Amino acid sequence: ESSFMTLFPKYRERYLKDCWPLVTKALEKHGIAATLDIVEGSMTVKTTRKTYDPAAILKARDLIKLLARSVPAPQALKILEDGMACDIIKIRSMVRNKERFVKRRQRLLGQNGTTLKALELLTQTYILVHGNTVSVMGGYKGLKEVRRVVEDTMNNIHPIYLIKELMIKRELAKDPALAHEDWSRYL
Amino acid sequence: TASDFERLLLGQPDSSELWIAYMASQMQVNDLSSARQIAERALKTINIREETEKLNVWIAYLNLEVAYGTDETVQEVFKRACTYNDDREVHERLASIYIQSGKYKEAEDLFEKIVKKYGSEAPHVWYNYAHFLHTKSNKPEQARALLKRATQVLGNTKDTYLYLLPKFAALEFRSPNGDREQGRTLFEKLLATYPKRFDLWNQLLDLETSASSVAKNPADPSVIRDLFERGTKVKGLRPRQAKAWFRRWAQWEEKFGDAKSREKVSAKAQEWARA
Amino acid sequence: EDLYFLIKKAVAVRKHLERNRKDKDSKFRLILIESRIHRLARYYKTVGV
Amino acid sequence: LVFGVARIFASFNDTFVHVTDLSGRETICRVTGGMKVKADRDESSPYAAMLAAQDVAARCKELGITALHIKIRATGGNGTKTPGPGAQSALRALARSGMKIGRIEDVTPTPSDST
RNA sequence: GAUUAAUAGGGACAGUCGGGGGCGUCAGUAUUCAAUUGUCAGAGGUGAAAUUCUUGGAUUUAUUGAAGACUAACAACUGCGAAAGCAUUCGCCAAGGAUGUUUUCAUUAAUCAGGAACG
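Chains as they are written, first to last, in the deposited numbering: chain CP, 36 to 222; chain Cz, 1494 to 1768; chain Ch, 86 to 134; chain Ci, 25 to 139.
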């Protein structure tokens, strides 16, 4: 018995209740009990002795942290995969200017989300935009790459440049005769 | 007399030099309480914008509290003087005051206090403290240790790094307890980490052609000639700076008296200009 | 008087600028209070004071 | 029931398993991804981590500790707070090589300063 | 001899408010540098790599010493400052906003050519 816990707000609480039986039955499948508090707003996990897999506690901790990060329940249970993991990128500390912060976060969004969807498919990743914080998921290579992407966006080189780079990364990694050089001549 | 002083004060109220003259007459008549009275009269009636006259009254009163006062009054006036003036400057004035009065132990405590408080932005505090160290405390190893401490406290920008390193080296060259050999160490390290910095090369050249061994006050013509050769062989020289260095070499060899080295300088300037 | 309280607030902000001449927002407060002093001193010197 | 401290530093380009004493001063064992598979791309691999985990598990059971309380961290200075697939597969491989665990605590050096 | 007291003024006082300013004070980490130990074969990068550090022990583990930097999560469809901008404890120095008053000189008002302070 070893617990992890954090605190959610009330505007998240409603969706946490109405998506929770999915969550607690998936944690029942992973052999770990979980409860929700209502008068205070905490979720309490606890490793039972019938936990067949050891990483259940850490992945449940990241799971409940992303539930706090207000991500949707299907992706929040898609975290249960072997290679699936999260990451955070705080960008309010990186951008000192408020209007420039708003402009560059909107530039990260792009027109109607086509840019974030292009990034999602180019890295097989997931993106959420929670103000000053960047929740992301997927394979570790995609994760390293999208962290590079968000710091370049806050550095104000444009995502169309970045997507051009990633498609070149993709095709130059798919052809096998060119497999190992510094290909910055093509970038 | 005091009436004469009051007449000249109603003539010129902002005049700090007359203020210190009046309280100095009060020192000569030993009424240190009325001297305090006069000093605070200056601190009130000297006008708002006259910062130099205010600090003159301030540092004079600090001289009083170190000379005839005691620890509690000198610390409270130190607090008030930094409260109403610049902390770094009143601290440096009390430091030079301690240097003058010989109270070198509490001087050292003030020095460690000011390198703690204001070593973050002042390079000059480390300069003055190394000056104290190569002077009367006579610990050059402590001076270079506090130089390493300075490289810890500061950033590594050009001004702070490449200005405290040559100012410390100049102190090494100018103090007989400072070992111009260690100054040459510092300068060699400077021109190793930045060999493109010909103004720093020039400053080394000035420092060797000036009074390097202050224990007996010549320069050293052998290493003068060798460093001048290295200044000729270092890459990156614009022809203006090259001509200036050849002129400086010629001037020093005229000061030396060796016409053979003079004509060597002329011939090597010719073959350098041949390009 | 109103001018008396204005010039009182003015000499207070002047002596604080003496305490630290680096406070430029306080210097801006000085320029606004001196503009008000000029205006109301002229407007009540016109009446005879 | 002897206890110990198994520290884990699993990045995305290398993975560390470094068991120290219960106080954390006497390093018992340490093995890496290059002391594992030694392929500079697969140096942070779940498989290299399985190999490393079996190596440390065998040596610590040879010293006879048989129970751990795992500390877990990552590049907490500037990069991510999230540890590696090496850490995932290493915890799985450890408690499937068989020793029992009490509590696990992931301690990661969070900065309140970063930039 | 002296009007309405203005649903325009400014001030005064009282309770307030402010991640407003300036200055000193108290922390918090984390980074670097130094030391000490346990180390004991790589570490470190990258899409793959290389450079680099590595039996004098790197990377790692822990404990200190020094340093500068900024103040996470709270943190906002907010708040303050005219603007740049503004987020640790405490304290001071003045100023500023709103509220109220059983507070006053009664046009003092508004606008900007010239010009001037802060980036």
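For every residue, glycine included, the Cβ atom is placed at its ideal position computed from N, Cα and C.
- [ ] Since I believe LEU1511(Cz) is in contact with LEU1501(Cz) (beta carbons under 8 Å), could you give me their beta-carbon distance rounded to a whole number of angstroms?
- [x] Against the second sequence, residue 1501(Cz) aligns to sequence position 8. Against the second sequence, residue 1511(Cz) aligns to sequence position 18. The pair is a contact, with the Cβ atoms about 6 Å apart (cut-off 8 Å).
- [ ] Could you tell me which uninterrupted beta strand (DSSP E) segments, each at least 3 residues in length, are contained entirely in the segment 91 to 117 of chain CP, listed from first to last along the chain?
- [x] Look at the segment 91 to 117 of chain CP and you find no whole run of beta strand (DSSP E) that is 3 residues long or longer.
TODO: Let me know if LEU1683(Cz) comes out buried or exposed under the rule of 16 or more other beta-carbons within 10 Å of its beta-carbon.
DONE: As a position in the second sequence, residue 1683(Cz) is number 190, starting the count at 1. Buried, by the Cβ-count rule.
TODO: Between the Cα of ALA117(Ci) and those of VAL131(Ci), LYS105(Ci), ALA82(Ci), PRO107(Ci), spot the shortest distance and give me the residue it belongs to.
DONE: Here residue 117(Ci) refers to the residue found at position 93 when the fourth sequence is read from its first residue. The shortest C-alpha separation from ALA117(Ci) is found at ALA82(Ci).
Open item on the list: Quick check: what's the CA-CA separation for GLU129(Ci) versus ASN102(Ci)?
Closed with: On the fourth sequence, position 105 is the one that residue 129(Ci) refers to. On the fourth sequence, position 78 is the one that residue 102(Ci) refers to. Roughly 21 Å separates the two Cα atoms.
Open item on the list: Which of the three DSSP states is assigned to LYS81(CP) in this structure?
Closed with: Taking the first residue of the first sequence as 1, we reach residue 81(CP) at position 46. In this structure, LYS81(CP) counts as strand in the three-state DSSP scheme.
- [ ] Starting from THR56(Ci), follow the beta strand (DSSP E) in both directions and report where the run begins and ends.
- [x] On the fourth sequence, position 32 is the one that residue 56(Ci) refers to. Counting along the chain, the beta strand (DSSP E) containing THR56(Ci) begins and ends at 51 to 56.
Task: Spatial distance of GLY174(CP) from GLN159(CP) (CA atoms) - done: Numbered from 1 along the first sequence, position 139 holds the residue referred to as residue 174(CP). Numbered from 1 along the first sequence, position 124 holds the residue referred to as residue 159(CP). About 7 Å.
- [ ] Go ahead and label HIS123(Ch) buried or exposed: buried means 16 or more other beta carbons lie within 10 angstroms of its beta carbon, across all protein chains shown.
- [x] Counting from one through the third sequence, the residue named residue 123(Ch) turns up at place 38. Flag for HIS123(Ch) reads exposed.
Task: Straight-line gap, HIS101(Ch) to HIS1617(Cz) (C-alpha atoms, nearest Å) - done: Position 16 of the third sequence holds residue 101(Ch). Position 124 of the second sequence holds residue 1617(Cz). Taking the straight line from one Cα to the other gives about 28 Å.
- [ ] At 7 Å on the CB atoms, spell out the chain Cz contacts of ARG99(Ch), in chain order.
- [x] Here residue 99(Ch) is taken as the residue at index 14 of the third sequence, counted from 1. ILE1541, listed in chain order.
Task: Selection from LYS95(Ci), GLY88(Ci), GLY57(Ci), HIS93(Ci) that minimises the alpha carbon distance to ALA77(Ci) - done: The count along the fourth sequence starts at 1 and reaches residue 77(Ci) at position 53. Nearest of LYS95(Ci), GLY88(Ci), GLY57(Ci), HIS93(Ci) to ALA77(Ci), Cα basis: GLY57(Ci).
Open item on the list: Suppose the cutoff is 6 Å on Cβ atoms and the five residues either side in sequence are ignored; what does the same chain contact list for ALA1743(Cz) look like?
Closed with: Sequence index remark: in the second sequence, residue 1743(Cz) carries index 250 (1-based). Taken in chain order, the residues that qualify are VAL1758.
TODO: Inspect the beta-carbon positions of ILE123(CP) and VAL169(CP) and report whether they are closer than 8 Å.
DONE: Taking the first residue of the first sequence as position 1, residue 123(CP) is located at position 88. Taking the first residue of the first sequence as position 1, residue 169(CP) is located at position 134. In this structure, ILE123(CP) lies near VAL169(CP), with their beta-carbon atoms less than 8 Å apart.
Open item on the list: On the DSSP letters alone, give me the boundaries of the alpha helix (DSSP H) that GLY1676(Cz) sits inside.
Closed with: By 1-based counting over the second sequence, the position of residue 1676(Cz) is 183. Per DSSP, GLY1676(Cz) belongs to the alpha helix (DSSP H) from 1673 to 1686.
- [ ] Could you have a look at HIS165(CP) and say whether DSSP puts it in helix, strand or coil?
- [x] Position 130 of the first sequence, counting from 1, holds the residue named residue 165(CP). Looking at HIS165(CP) - three-state DSSP - the assignment turns out to be strand.
- [ ] Using three-state DSSP, classify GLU186(CP) as helix, strand or coil.
- [x] Position 151 of the first sequence, counting from 1, holds the residue named residue 186(CP). Here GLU186(CP) sits in helix by DSSP.
- [ ] Determine the closest residue to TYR161(CP) out of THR41(CP), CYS121(CP), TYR46(CP), with distance taken between C-alpha atoms.
- [x] Start at 1 with the first residue of the first sequence, and residue 161(CP) comes out as number 126. Looking at the Cα atoms, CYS121(CP) is the closest of the given residues.
Task: Closer than 8 Å to chain Cz by CB, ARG104(Ch) - done: Taking the first residue of the third sequence as 1, we reach residue 104(Ch) at position 19. Yes, because at least one Cβ of chain Cz sits closer than 8 Å to the Cβ of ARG104(Ch).
- [ ] Tell me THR70(CP)'s beta-bridge partners as DSSP assigns them.
- [x] Start at 1 with the first residue of the first sequence, and residue 70(CP) comes out as number 35. According to DSSP, residue pairing for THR70(CP) in a beta bridge involves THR79(CP).
Task: Residue range of the alpha helix (DSSP H) that includes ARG104(Ch) - done: On the third sequence, position 19 is the one that residue 104(Ch) refers to. Taken as a continuous stretch (DSSP letters only), the alpha helix (DSSP H) holding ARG104(Ch) covers 87 to 104.
Task: Interface partners of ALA120(CP) on chain Ci, CB under 7 Å - done: By one-based count along the first sequence, residue 120(CP) stands at place 85. Going along chain Ci in sequence order, the residues near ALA120(CP) (Cβ under 7 Å) are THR106.
- [ ] Could you pull out every unbroken alpha helix (DSSP H) segment of at least 4 residues lying fully inside the segment 1681 to 1723 of chain Cz, listed in chain order?
- [x] The segment 1681 to 1723 of chain Cz is shown to contain whole alpha helix (DSSP H) runs of 4 or more residues at 1691 to 1702, in chain order.
Task: Residue from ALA91(CP), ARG205(CP), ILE126(CP) whose Cα sits closest to the Cα of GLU116(CP) - done: Start at 1 with the first residue of the first sequence, and residue 116(CP) comes out as number 81. Of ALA91(CP), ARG205(CP), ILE126(CP), the residue nearest in Cα terms is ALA91(CP).
- [ ] Can you pull the chain Ch residues whose beta carbon is under 7 Å from the beta carbon of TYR1577(Cz), in chain order?
- [x] Counting from one through the second sequence, the residue named residue 1577(Cz) turns up at place 84. What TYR1577(Cz) touches in chain Ch, judged by beta-carbon distance under 7 Å, is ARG104, going in chain order.
Task: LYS1736(Cz) versus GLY1750(Cz), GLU1747(Cz), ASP1713(Cz), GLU1764(Cz), residue with shortest Cα-Cα distance - done: Against the second sequence, residue 1736(Cz) aligns to sequence position 243. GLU1764(Cz) is the residue among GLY1750(Cz), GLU1747(Cz), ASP1713(Cz), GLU1764(Cz) whose C-alpha sits nearest the C-alpha of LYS1736(Cz).
- [ ] Mind listing the chain CP neighbours of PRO109(Ci)? Cutoff is C-beta to C-beta under 7 Å, in chain order.
- [x] For this step, residue 109(Ci) is matched to residue 85 along the fourth sequence. Those are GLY118, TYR175, listed as they occur along chain CP.
TODO: Give a yes or no on whether the minimum CB-CB distance between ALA72(Ci) and chain CP is below 8 Å.
DONE: Indexing the fourth sequence from 1 puts residue 72(Ci) at position 48. Closer than 8 Å: no.
Task: 8 Å Cβ cut-off: residues of chain CP touching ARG116(Ci) - done: Counted from its first residue, the fourth sequence places residue 116(Ci) at position 92. What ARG116(Ci) touches in chain CP: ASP88, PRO89, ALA90.
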